[PDB]
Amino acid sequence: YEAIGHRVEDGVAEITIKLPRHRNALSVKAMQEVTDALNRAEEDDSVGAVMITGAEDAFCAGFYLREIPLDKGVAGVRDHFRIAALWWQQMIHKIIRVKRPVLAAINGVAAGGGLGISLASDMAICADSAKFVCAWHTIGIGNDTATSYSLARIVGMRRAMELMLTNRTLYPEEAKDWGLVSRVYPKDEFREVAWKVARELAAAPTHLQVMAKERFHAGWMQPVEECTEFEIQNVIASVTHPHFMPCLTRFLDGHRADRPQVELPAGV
């Protein structure tokens, strides 16, 4: 890849937003590469989870404003946004639809599209040095990157509306209180903690994960009876899968099902 950092180890496909000089804003090319990378992860039997993080001390500053053409008129501007907006779309959608759990490791500021990415991921943790901001209004653009889908689904309509309208910066503590992030860790221990959490996610049963993830997205909008129908189909498939019997055996042999799949350290 030439615009993103990418590495697969320990069952984790790690995608790094890398444009640190410009606060990890996402270029059109980079977005194409993240999506490709998400496609490849889903196709890799050796990948159990995906982790998205930023290079250095920023997560992602959102739209790459420095690539917008300024010498071609409104047209040039409209044209650029049609293309970049399509890639923000492709990528955000892939994060939500990919058949792998995605951990957003928020190591610094997440603005605009950056916040969009954080909201689209399955799990999210951040460094105590991280921060979140809508930023759309500041730059005079209508909000996107599925913020009309994700934000309210996580924080409720009221907080979603306030954050977008006030445009204020949300800090770790509050982000955690809001459900935006599950846990916060000292900056210095952040990377290590996050990689370990990703390895666990990767080691846990992908099949079950995917069933949970797809159902969560779909179920939000379905009535109970349709929900159960789809869940039951998953149940039947899961107990037919070779993974099951051995777990039952263990349970019957005294091993408790409250054993965690992923251990999230307390953090701060």
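Each residue number is its position in the shown sequence, starting from 1.
Higher mean CA temperature factor between 135 to 143 and 73 to 81: 73 to 81, per the PDB entry. Legend: mean Cα B-factor per stretch from the PDB entry, 64 to 72 versus 47 to 55; the higher mean is in 64 to 72. Based on the entry's C-alpha B-factors, the most elevated value among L248, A13, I17, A257 belongs to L248. Of the candidates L170, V102, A105, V181, the deposited coordinates give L170 the top C-alpha B factor.
Remark: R159 belongs to the lowest third of its chain, ranked by C-alpha B-factor as recorded. When the modelled residues of the chain are ordered by C-alpha B-factor, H22 sits in the lowest third. In this PDB entry, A152 carries a Cα temperature factor that places it within the lowest third of its chain's modelled residues.
Among all modelled residues in this chain, the alpha-carbon of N234 has a temperature factor (C-alpha) in the middle third. In the PDB entry, a CA B factor belonging to the highest third of its chain's modelled residues is recorded for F190.
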